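Student: For reference, the structure I am asking about is given below.
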Amino acid sequence: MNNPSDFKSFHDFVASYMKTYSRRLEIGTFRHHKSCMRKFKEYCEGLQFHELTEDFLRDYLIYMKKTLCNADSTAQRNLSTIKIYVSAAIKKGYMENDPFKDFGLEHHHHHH
């Protein structure tokens, strides 16, 4: 196989990079997200580092729970699936911080 980034979209990126995790994952969750990300092309577009925001994760959390109608575990899992490629892009890519760092962890206490 020789395909230098044939994925323009986040859901395609995850589906490809996931191979690094599926080798150390079970098939159950892999196959479940596999079908989702493919038909998820309804919104289209690739979505880059700058389009991936905390508010995006927030809005899509609501969208997935509300409009798609799913459980929190399902939503959090699916969002952390996006978090996978985001985190990859953070670890050895070009992204500095993940959305869930500010979205999930409010510092609360920082000296003063």
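Lettering and numbering for the structure tokens are positional, with chains as A, B, ... in the shown order, residues counted from 1 in each chain, and ligands counted from 1 in the shown order.
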If you count only C-alpha atoms, which residues fall within 9 Å of residue A:18, apart from same-chain ones fewer than 4 positions away, as a PyMOL selection string?
Tutor: chain A and resi 13-14+22-23+30+81+84-85
Student: With N, CA, C and O atoms retained, export the selected residues as a PDB file, in the first residue's frame.
Tutor:
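Written file, selection06.pdb:
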ATOM      1  N   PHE A  13      -9.202  10.421   8.405  1.00  0.00           N
ATOM      2  CA  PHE A  13      -7.920  10.438   9.098  1.00  0.00           C
ATOM      3  C   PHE A  13      -7.944   9.445  10.251  1.00  0.00           C
ATOM      4  O   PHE A  13      -7.042   8.617  10.392  1.00  0.00           O
ATOM      5  N   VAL A  14      -8.993   9.529  11.064  1.00  0.00           N
ATOM      6  CA  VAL A  14      -9.161   8.631  12.197  1.00  0.00           C
ATOM      7  C   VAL A  14      -9.218   7.182  11.729  1.00  0.00           C
ATOM      8  O   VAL A  14      -8.534   6.328  12.276  1.00  0.00           O
ATOM      9  N   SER A  22      -6.040  -0.044  16.676  1.00  0.00           N
ATOM     10  CA  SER A  22      -6.820  -1.263  16.485  1.00  0.00           C
ATOM     11  C   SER A  22      -5.943  -2.501  16.624  1.00  0.00           C
ATOM     12  O   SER A  22      -6.424  -3.586  16.948  1.00  0.00           O
ATOM     13  N   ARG A  23      -4.647  -2.330  16.390  1.00  0.00           N
ATOM     14  CA  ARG A  23      -3.686  -3.409  16.572  1.00  0.00           C
ATOM     15  C   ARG A  23      -3.560  -3.746  18.059  1.00  0.00           C
ATOM     16  O   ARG A  23      -3.085  -4.817  18.437  1.00  0.00           O
ATOM     17  N   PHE A  30     -13.743  -0.815  17.413  1.00  0.00           N
ATOM     18  CA  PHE A  30     -13.214  -0.486  16.090  1.00  0.00           C
ATOM     19  C   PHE A  30     -14.299  -0.549  15.006  1.00  0.00           C
ATOM     20  O   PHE A  30     -14.512   0.428  14.286  1.00  0.00           O
ATOM     21  N   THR A  81     -13.037   9.515  19.865  1.00  0.00           N
ATOM     22  CA  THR A  81     -12.557   8.922  18.626  1.00  0.00           C
ATOM     23  C   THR A  81     -11.940  10.011  17.748  1.00  0.00           C
ATOM     24  O   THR A  81     -10.891   9.817  17.132  1.00  0.00           O
ATOM     25  N   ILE A  84      -8.763  11.085  19.228  1.00  0.00           N
ATOM     26  CA  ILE A  84      -7.652  10.227  18.820  1.00  0.00           C
ATOM     27  C   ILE A  84      -6.763  10.914  17.779  1.00  0.00           C
ATOM     28  O   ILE A  84      -5.556  11.054  17.991  1.00  0.00           O
ATOM     29  N   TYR A  85      -7.348  11.361  16.665  1.00  0.00           N
ATOM     30  CA  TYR A  85      -6.553  11.956  15.600  1.00  0.00           C
ATOM     31  C   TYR A  85      -6.050  13.328  16.033  1.00  0.00           C
ATOM     32  O   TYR A  85      -4.951  13.741  15.665  1.00  0.00           O
TER      33      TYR A  85
END
Student: What's around residue A:94 at 12 Å? Count only C-alpha atoms, leave out sequence neighbours fewer than 3 positions away in its own chain, and write the answer as a PyMOL selection string.
Tutor: chain A and resi 48-50+85-91+97-98
Student: Please compute the atom CA of residue A:71-atom CA of residue A:54 distance, one decimal, in Å.
Tutor: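 Atom CA of residue A:71 sits 19.8 Å away from atom CA of residue A:54.
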Student: Using only C-alpha atoms, determine which residues lie at most 12 Å from residue A:62, disregarding the query and same-chain residues fewer than 4 positions distant; provide the list as a list in words.
Tutor: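 Using only C-alpha atoms, the neighbours found are residues 55, 56, 57, 58, 66, 67, 68, 69, 70, 71, 72, 75, 76 and 79 of chain A.
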Student: Kindly save the residues from that selection, with N, CA and C atoms included, as a PDB file, in the first residue's frame.
Tutor:
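Final output, again-v1.pdb:
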ATOM      1  N   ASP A  55     -15.753  24.393  21.505  1.00  0.00           N
ATOM      2  CA  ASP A  55     -17.156  24.661  21.226  1.00  0.00           C
ATOM      3  C   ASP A  55     -17.688  23.681  20.191  1.00  0.00           C
ATOM      4  N   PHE A  56     -16.830  23.270  19.260  1.00  0.00           N
ATOM      5  CA  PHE A  56     -17.211  22.258  18.281  1.00  0.00           C
ATOM      6  C   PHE A  56     -17.540  20.950  18.987  1.00  0.00           C
ATOM      7  N   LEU A  57     -16.629  20.507  19.846  1.00  0.00           N
ATOM      8  CA  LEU A  57     -16.839  19.307  20.638  1.00  0.00           C
ATOM      9  C   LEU A  57     -18.093  19.441  21.493  1.00  0.00           C
ATOM     10  N   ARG A  58     -18.299  20.635  22.033  1.00  0.00           N
ATOM     11  CA  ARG A  58     -19.490  20.943  22.812  1.00  0.00           C
ATOM     12  C   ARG A  58     -20.754  20.812  21.962  1.00  0.00           C
ATOM     13  N   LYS A  66     -28.574  14.863  21.315  1.00  0.00           N
ATOM     14  CA  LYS A  66     -29.908  15.412  21.086  1.00  0.00           C
ATOM     15  C   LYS A  66     -30.506  14.940  19.759  1.00  0.00           C
ATOM     16  N   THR A  67     -29.882  15.336  18.659  1.00  0.00           N
ATOM     17  CA  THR A  67     -30.419  15.070  17.332  1.00  0.00           C
ATOM     18  C   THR A  67     -30.250  13.605  16.944  1.00  0.00           C
ATOM     19  N   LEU A  68     -29.046  13.079  17.127  1.00  0.00           N
ATOM     20  CA  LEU A  68     -28.779  11.678  16.825  1.00  0.00           C
ATOM     21  C   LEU A  68     -29.370  10.789  17.912  1.00  0.00           C
ATOM     22  N   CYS A  69     -29.490  11.354  19.110  1.00  0.00           N
ATOM     23  CA  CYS A  69     -30.084  10.673  20.259  1.00  0.00           C
ATOM     24  C   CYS A  69     -29.256   9.456  20.669  1.00  0.00           C
ATOM     25  N   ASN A  70     -28.245   9.703  21.488  1.00  0.00           N
ATOM     26  CA  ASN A  70     -27.369   8.650  21.981  1.00  0.00           C
ATOM     27  C   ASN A  70     -27.047   8.885  23.448  1.00  0.00           C
ATOM     28  N   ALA A  71     -26.493   7.873  24.101  1.00  0.00           N
ATOM     29  CA  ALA A  71     -26.140   7.973  25.510  1.00  0.00           C
ATOM     30  C   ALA A  71     -24.833   8.737  25.686  1.00  0.00           C
ATOM     31  N   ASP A  72     -24.580   9.201  26.907  1.00  0.00           N
ATOM     32  CA  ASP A  72     -23.368   9.965  27.204  1.00  0.00           C
ATOM     33  C   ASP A  72     -22.121   9.142  26.904  1.00  0.00           C
ATOM     34  N   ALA A  75     -21.663   9.068  23.200  1.00  0.00           N
ATOM     35  CA  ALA A  75     -21.225  10.380  22.749  1.00  0.00           C
ATOM     36  C   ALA A  75     -19.764  10.638  23.108  1.00  0.00           C
ATOM     37  N   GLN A  76     -19.413  10.394  24.368  1.00  0.00           N
ATOM     38  CA  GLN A  76     -18.064  10.616  24.854  1.00  0.00           C
ATOM     39  C   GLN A  76     -17.073   9.729  24.107  1.00  0.00           C
ATOM     40  N   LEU A  79     -16.700  11.094  20.503  1.00  0.00           N
ATOM     41  CA  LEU A  79     -15.923  12.329  20.534  1.00  0.00           C
ATOM     42  C   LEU A  79     -14.453  12.043  20.816  1.00  0.00           C
TER      43      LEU A  79
END
Student: So which one's closest to residue A:77, A:61, A:92, A:42, A:12? Using only C-alpha atoms, please.
Tutor: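 Selected residue with least distance to residue A:77: A:61.
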Student: Set the distance at 7 Å and use only C-alpha atoms: which residues neighbour stretch 1-11 of chain A once local chain neighbours fewer than 6 positions away are removed? I'd like the list as a tab-separated table (two decimals) with C-alpha atoms, in the first residue's frame.
Tutor:
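Generated output (out37.tsv):
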chain	number	residue	atom	x	y	z
A	37	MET	CA	-17.29	7.67	10.32
A	45	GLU	CA	-15.47	18.76	4.50
A	46	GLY	CA	-12.14	17.73	6.00
A	47	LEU	CA	-11.95	19.97	9.09
